[PDB]
Amino acid sequence: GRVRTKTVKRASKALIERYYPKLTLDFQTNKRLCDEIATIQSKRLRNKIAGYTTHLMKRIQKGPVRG
Amino acid sequence: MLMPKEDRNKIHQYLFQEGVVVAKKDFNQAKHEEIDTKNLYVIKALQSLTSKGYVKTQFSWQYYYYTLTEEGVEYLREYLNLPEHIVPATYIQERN
Amino acid sequence: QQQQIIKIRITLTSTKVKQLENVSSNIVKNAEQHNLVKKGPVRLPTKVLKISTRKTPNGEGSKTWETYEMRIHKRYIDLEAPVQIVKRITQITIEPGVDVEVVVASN
Amino acid sequence: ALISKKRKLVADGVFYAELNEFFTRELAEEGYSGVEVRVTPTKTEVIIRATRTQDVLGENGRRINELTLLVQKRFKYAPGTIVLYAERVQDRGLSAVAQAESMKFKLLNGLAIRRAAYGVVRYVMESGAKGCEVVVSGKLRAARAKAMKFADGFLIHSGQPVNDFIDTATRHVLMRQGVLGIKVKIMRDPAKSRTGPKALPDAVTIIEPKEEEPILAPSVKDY
Amino acid sequence: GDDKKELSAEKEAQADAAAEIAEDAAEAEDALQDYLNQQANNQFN
RNA sequence: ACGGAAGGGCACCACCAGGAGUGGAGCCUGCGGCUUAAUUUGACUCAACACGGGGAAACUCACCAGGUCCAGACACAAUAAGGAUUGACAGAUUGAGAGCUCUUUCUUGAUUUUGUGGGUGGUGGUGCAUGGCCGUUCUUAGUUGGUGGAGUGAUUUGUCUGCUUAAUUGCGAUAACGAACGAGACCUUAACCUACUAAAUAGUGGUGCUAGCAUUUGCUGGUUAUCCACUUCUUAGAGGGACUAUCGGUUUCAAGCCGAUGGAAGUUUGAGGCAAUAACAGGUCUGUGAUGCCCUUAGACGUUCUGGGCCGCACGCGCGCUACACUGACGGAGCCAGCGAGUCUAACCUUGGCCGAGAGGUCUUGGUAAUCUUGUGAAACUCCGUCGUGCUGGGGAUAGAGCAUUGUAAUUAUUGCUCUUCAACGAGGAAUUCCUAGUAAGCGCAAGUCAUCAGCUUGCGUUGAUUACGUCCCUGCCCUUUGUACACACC
Ligand SMILES: [Mg+2]
Ligand SMILES: [Mg+2]
Ligand SMILES: [Mg+2]
Ligand SMILES: [Mg+2]
Ligand SMILES: [Mg+2]
Ligand SMILES: [Mg+2]
Ligand SMILES: [Mg+2]
Ligand SMILES: [Mg+2]
Ligand SMILES: [Mg+2]
Ligand SMILES: [Mg+2]
Ligand SMILES: [Mg+2]
Ligand SMILES: [Mg+2]
Ligand SMILES: [Mg+2]
Ligand SMILES: [Mg+2]
Ligand SMILES: [Mg+2]
Ligand SMILES: [Mg+2]
Ligand SMILES: [Mg+2]
Ligand SMILES: [Mg+2]
Ligand SMILES: [Mg+2]
Ligand SMILES: [Mg+2]
Ligand SMILES: [Mg+2]
Ligand SMILES: [Mg+2]
Ligand SMILES: [Mg+2]
Ligand SMILES: [Mg+2]
Ligand SMILES: [Mg+2]
Ligand SMILES: [Mg+2]
Ligand SMILES: [Mg+2]
């Protein structure tokens, strides 16, 4: 599978919540974002996180998303 | 055990001198590193010396560790006869 | 009045890659940080001591196997310094966990 | 002299193992808690992490004599080349091994099984552990063997942080009936780590934005 | 131990820990034979 | 908690579609059984049977036939310096050049001896007294507290119909909201860097000195430093990289899932390590100088020494090895790995030279090792020949005769070589195992064991498929529902 755990999804929510100006449709920049704006202990988890706080953006751009 | 006074003293004396003895568990070892007797001689000699107080024994990885204790510090004083205010592991080196 | 270029080889061996690379790197600066000449840390292929055993003290059960391993890391640094710096550079720089060995000679 | 370094590095391991043993057997009523042996120029350095170094010393510093002398004779060291110092451990409260031997020694003055363990967890906590676990196993007083658990606070149990943050230790308190198994688990507050990861890998902190007071039609400052 | 007397344990447990903090803060400050051996056999030699 | 009720699932220790087999045969090896002086013993459904790292010539070792020793602490008592006790040469004796015991008669000097109490050792018993460890449930996904809601209460709700996932993984629903343990994260290994830092113990290009062939400049080599440079390849440091990205089908346009493109990599990226709460009278007292209790303790169940035994053979069972041939055997020729190991107070890994058909021997030698063995020139495999379907030149059991190696010792034949002998076996009934890609299968190699001995194992790389990409029919487990007079919980 590839269902993203709660830790991933919980951070993502928490980032989109308090930094929507800043952040984008681009994971490439959202990666670099997370580093400055968030303490995370692994490269891997950071990517797993940014990639999904990205995906979440990507469709807010077309309608809202609960949560 | 059965062992001549000669070997008893070579033990006993060396005990008072060093204040300490170690010795591997392997009876029939002919001559023991340092002391000039049968290894079997040392082990049991001490075993006796402990079983009447005097000295303390420790094992771990196949080796005996005999610690000369204070009441023994008297017994050796009798067996070797040497006068009180003698010695043991009871110096502080020069200034080491 | 002393000092003469004696051609050195410091060999550095350990299982603790931080402390090792530490003593390694700190040395390489403390070389040209006073201008020597060297071929730097040469990392030898880190080798692995494997040990493969049944877990069980006895016989019962599906035969589970368990392999422990111990890694040996070895660098060598070549220096060309006189007698004063060398002896200084060997006695200090010491570290609990890193075995330092300094040979000399042109053979 | 002259050894393979494969043989040499293993050999040094064993040496530690044999040494650590001998101390754990010899300095129990001294809250022995570990060693490290530093190979140096001109000497071999041994440090005894015992809580109560007053006893490791002795009448004008006797015992460490016997102790070195012992350690000396055994591995064949040439008087002077081996050196022992004792060194009181900074809080026994966050050291598994120190606490099992407490637990042991508790139960050997016959403390109630719980009052024992249930105490240790409480003292460890006040030593600022993030969490702590004690198990007692085997047989007290009844005939059939039981086992208990005694935890409080926070622990994790898997992967690398285990290697990182938890101290565990089994001891064997040899009782009149059979033998008890004591088994302590301390989980160190990773905040304080001092040298390593600062948190659990699960830890994801977000900086708290900034209360903007924006708007304001352009303008520019000169300098 | 039975759960009927538990309270009494947990409290004595605490007290136990409290007096382990007396010890560990009060130890956080609190307050020859000459001649040798291989010599006496060389002096009386 | 349980059911020989019901409803859902999940999995190549289930099946489907297949593969490659085992079950038949020879032998190897374990287990039963018989046998025996003894054939030491544990373990018996998955979870006992190439398992106790269990490949036992002595040792191991426990078992059997025999012989010594005390290594019986310590305390009192007895004995006793007119000698408590110790040892012996030769002979007899004995398997023995054991003064075991006897003859004889020196020696030793308070160390012992006799006795009781008390210790002590023991692969003696008890794993149904224990610790620790392990294996099993578990290829599973479960466990809990805060504030709130229900209940006098134990308790429940959160933790759920559905959907999704490898996952109590999420989505969603929603009297719950929000969190922690376990899952995930993490860690290690295999993949990608012409980016960074370097290397005579890694290697490339150039240049010298040089060989061969062409000569027309060339082509192919030699040269642990004859110099210059470089880091692509090798090595291991620090970084980076992937997040199922872009796009699109799909779907409660949710988690997600499928496809395409790109990418070193898109099945948790592949394989591992660690792994919560709980259960079992699972296994181990035969790993432990871990341990309670019982047994035993000098004609010993201590220990050691000699010799046999664990291998004994009407036969049942299990893991294996080699095979039945022509996708073959044989004989020449091609000629390519990776994981490893290796000698200090010592004989380890062995290049090279010679002698020997061989196995081996002998003279030297490099290596405490990316430095030498070793490019481990391994095997399948590839090439050209011989044989031609004939139990054949497939197959190599059984057996005779010789020569070498390890070891104090090889007989009941440790192993190796040569000749010879040349069995069963013509693809294996009922049954049954394993597996989804660099996988299956074929194929060798190192390592553990190891003086000698792998038909075992743990890892490794070499050659490289077929068929799924599904489901609940079989089998096993999990989940709700439901019944219970069980709760020591259907033993
Ligand atoms: Mg966790
Ligand atoms: Mg994990
Ligand atoms: Mg089928
Ligand atoms: Mg078949
Ligand atoms: Mg025998
Ligand atoms: Mg007696
Ligand atoms: Mg008695
Ligand atoms: Mg025992
Ligand atoms: Mg059991
Ligand atoms: Mg057990
Ligand atoms: Mg039994
Ligand atoms: Mg599977
Ligand atoms: Mg209420
Ligand atoms: Mg529930
Ligand atoms: Mg490179
Ligand atoms: Mg593609
Ligand atoms: Mg049982
Ligand atoms: Mg055991
Ligand atoms: Mg057998
Ligand atoms: Mg061929
Ligand atoms: Mg010949
Ligand atoms: Mg040499
Ligand atoms: Mg034929
Ligand atoms: Mg043939
Ligand atoms: Mg071998
Ligand atoms: Mg085996
Ligand atoms: Mg009910």
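Numbers run from 1 along the shown chain.
The backbone N, Cα and C atoms fix where each Cβ goes, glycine too.
Features as listed in Swiss-Prot:
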DOMAIN    D:19-90  domain 'KH type-2'
MOD_RES   D:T42  phosphothreonine
MOD_RES   D:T68  phosphothreonine
MOD_RES   D:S95  phosphoserine
CROSSLNK  D:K104  ubiquitin cross-link
MOD_RES   D:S127  phosphoserine
CROSSLNK  D:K130  ubiquitin cross-link
CROSSLNK  D:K139  ubiquitin cross-link
MOD_RES   D:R144  omega-N-methylarginine
CROSSLNK  D:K149  ubiquitin cross-link
CROSSLNK  D:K198  ubiquitin cross-link
CROSSLNK  D:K210  ubiquitin cross-link
MOD_RES   D:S219  phosphoserine
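If you draw a 10 Å sphere around the CB of D:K130 (ubiquitin cross-link), it holds 20 other CB atoms from the protein chains shown. Closest in space to D:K198 (ubiquitin cross-link), of the recorded positions given as D:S95, D:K130, D:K139, D:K210, D:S219, is D:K130, taking the CA atom of each residue. Of all the recorded positions in the record (D:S95, D:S127, D:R144, D:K210, D:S219), the one with the smallest CA separation from D:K104 (ubiquitin cross-link) is D:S95. With respect to D:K130 (ubiquitin cross-link), the closest of these recorded positions in Cα terms is D:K149, chosen from D:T68, D:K139, D:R144, D:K149, D:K210.
Here the recorded sites are D:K104, D:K149, D:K210, and the one with the most other Cβ atoms within 10 Å of its Cβ is D:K104.
Each of the modified residues D:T68, D:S95, D:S219 was scored by the number of other CB atoms within 10 Å of its CB, and the largest score is that of D:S95.
Checking each of the modified residues D:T42, D:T68, D:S95, D:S127, D:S219 against D:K139 (ubiquitin cross-link) by C-alpha distance, the shortest gap belongs to D:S95. Distance from the CA of D:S219 (phosphoserine) to the CA of D:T42 (phosphothreonine) is 73 Å.
Neighbour counts were taken as the number of other C-beta atoms within 10 angstroms of each residue's C-beta; across the modified residues D:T42, D:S127, the minimum falls on D:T42. Distance from the CA of D:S95 (phosphoserine) to the CA of D:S127 (phosphoserine) is 10 Å. Looking at D:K139, D:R144, D:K198, the recorded positions in this record, the fewest other C-beta atoms within 10 angstroms of the C-beta turn up around D:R144. A coil conformation is recorded for D:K139 (ubiquitin cross-link) in the three-state DSSP classification, outside any helix or strand. Taken through DSSP, the domain 'KH type-2' (D:19-90) splits into 31 helix, 20 strand, 21 coil. For the pair D:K149 (ubiquitin cross-link) and D:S95 (phosphoserine), the Cα-Cα distance reads 18 Å.
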